[PDB]
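Here's the structure, in structure tokens; my notes come after.
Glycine gets a Cβ as well: all are built from the backbone with ideal geometry, and neighbour counts include every protein chain shown. Every number in this text was worked out from the coordinates using simple rules, so none of it is lab data.
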Amino acid sequence: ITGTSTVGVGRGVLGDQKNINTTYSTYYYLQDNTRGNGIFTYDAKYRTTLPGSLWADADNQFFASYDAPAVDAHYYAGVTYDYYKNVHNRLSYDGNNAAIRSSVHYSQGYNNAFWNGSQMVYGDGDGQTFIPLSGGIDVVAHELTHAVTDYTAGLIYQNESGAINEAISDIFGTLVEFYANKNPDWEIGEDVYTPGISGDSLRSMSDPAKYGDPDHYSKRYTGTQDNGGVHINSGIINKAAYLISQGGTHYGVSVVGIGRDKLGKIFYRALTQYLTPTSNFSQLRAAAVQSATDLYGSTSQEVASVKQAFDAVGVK
Ligand SMILES: [Ca+2]
Ligand SMILES: [Ca+2]
Ligand SMILES: [Ca+2]
Ligand SMILES: [Ca+2]
Ligand SMILES: [Zn+2]
């Protein structure tokens, strides 16, 4: 839209109030004209035709229980964009202020949300297994991170590489949840995964095995399904990535933590300046070790911790 940037206001999936950036012209559309070449959001209309119709509001106030996904799936994108900019110095996913489009209410009770290649997508959850996946910021960045991983590495979404793509998308998906310091945990989607059981999550990074995810490269799932096990064997890298930030004695291997804002810059550099489509775990090791060297010389604890943290989860 050609229009006048303002600020409206609306309510998340988990009902927080939050000023949003919206674009008046006739109506108020959910076009944050402030970051990048814009961050747009479209009503899918519980249907599949993408990206749907750009979101519009009449009074510029989004509190209706149909807007909760759009808004949460909007505020959270600009917080992510914020991150990648206000740390890593990256301008939207492409790197050159690409326009972050988003669709919400994509199909009936679709228990999922993804990067379609062009754009982030979001369901409303079935209402047993999920609530609107806009609702989690964890969820937004992961699926946005996927796009970064497109326009940097291009790690192909099967086998080890695939397990990496998601892992990154777990890794910066957390490092983004800690940016906003919004009940920040090393967990994946508790806030909007199963309302009927507060105190759980789809995945974990501190302990994946709790949700059927391996925490070593001895327990690496092979079979053709999950595209080799992308949404599974990730768990190895979740642990690795996690262990580094935090530290701990995994299968008897005394790692030493370096905080989450030294995990970022490493995975990011590796993500951006070291990885390939065809990047197995072992190379991820080389890539994280190397990064550390660039970022903190070899004889630093950083290179030493990465080596330790991959030495834990069975990667050489
Ligand atoms: Ca309204
Ligand atoms: Ca949380
Ligand atoms: Ca979380
Ligand atoms: Ca839950
Ligand atoms: Zn994903």
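Values as computed for the structure displayed
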{"quantity": "Equivalent ellipsoid semi-axes, the chain, via Cα gyration tensor eigenvalues times 5, rooted, Å", "calculated": "34, 20, 17"}
{"quantity": "Residues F310, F178, sorted so that the one with the fewest Cβ neighbours within 10 Å comes first", "calculated": "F178, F310"}
{"quantity": "Likely footprinting exposure, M205, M120, fewest C-beta neighbours within 10 Å first", "calculated": "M205, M120"}
{"quantity": "DSSP-assigned coil residues among trypsin sites (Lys or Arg not before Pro) in the stretch 141-219, each with at most 12 further Cβ atoms within 10 Å", "calculated": "none"}
{"quantity": "0 to 90° range, to nearest 10: angle between helix 137-150 axis and the chain longest Cα axis", "calculated": "70"}
{"quantity": "Model label zone, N112; criterion: amide N under 19 Å from point 7 Å along Cα-to-beta-carbon; scope the stretch 122-138", "calculated": "122-136"}
{"quantity": "Rounded to 10°, Cα long-axis angle of helix 281-296 versus longest principal axis of the chain", "calculated": "90"}
{"quantity": "Proximal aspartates and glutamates relative to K85, as straight alpha-carbon distance under 18 Å, when same-chain residues fewer than 8 apart are discounted", "calculated": "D32, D94, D138, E143, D150, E177, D261"}
{"quantity": "Distance (nanometres) between label positions extended 7 Å along Cα→Cβ at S65 and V256", "calculated": "5.4"}
{"quantity": "Compactness relative to 2.2 N^0.38 Å, alpha carbon Rg of the stretch 159-313", "calculated": "0.99"}
{"quantity": "Ranked by how many other beta carbons lie within 10 Å on average, peptides 111-119, 288-296 from highest", "calculated": "288-296, 111-119"}
{"quantity": "With Cα atoms, 0 to 90° folded angle of helix 264-273 axis to the chain main axis", "calculated": "90"}
{"quantity": "Nearby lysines by direct alpha-carbon distance to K219 (threshold 18 angstrom, same-chain neighbours under 8 apart not counted)", "calculated": "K210, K239, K316"}
{"quantity": "Approximate shape of the stretch 78-188 as ellipsoid semi-axes (Cα gyration tensor, √5λ), whole Å, largest first", "calculated": "21, 16, 15"}
{"quantity": "Label-point separation, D16 to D82 (7 Å along Cα→Cβ), nm", "calculated": "0.9"}
{"quantity": "Rel. contact order, % - alpha carbon contacts under 8 angstrom, at least six apart, the chain", "calculated": "12"}
{"quantity": "Antiparallel DSSP beta bridges within the chain, as percent of all bridges there, nearest 5", "calculated": "70"}
{"quantity": "Inter-site label distance for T49 and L295 at 7 Å from Cα along Cβ, in nm", "calculated": "4.5"}
{"quantity": "The stretch 271-304 versus the stretch 1-66: alpha-carbon centroid distance in Å", "calculated": "39"}
{"quantity": "Whichever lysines have a C-alpha closer than 18 Å to that of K18, once near sequence neighbours (fewer than 8 apart) are set aside", "calculated": "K182"}
{"quantity": "Fully extended contour minus Cα-Cα distance, from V7 to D200, at 0.36 nm per residue", "calculated": "66.0 nm"}
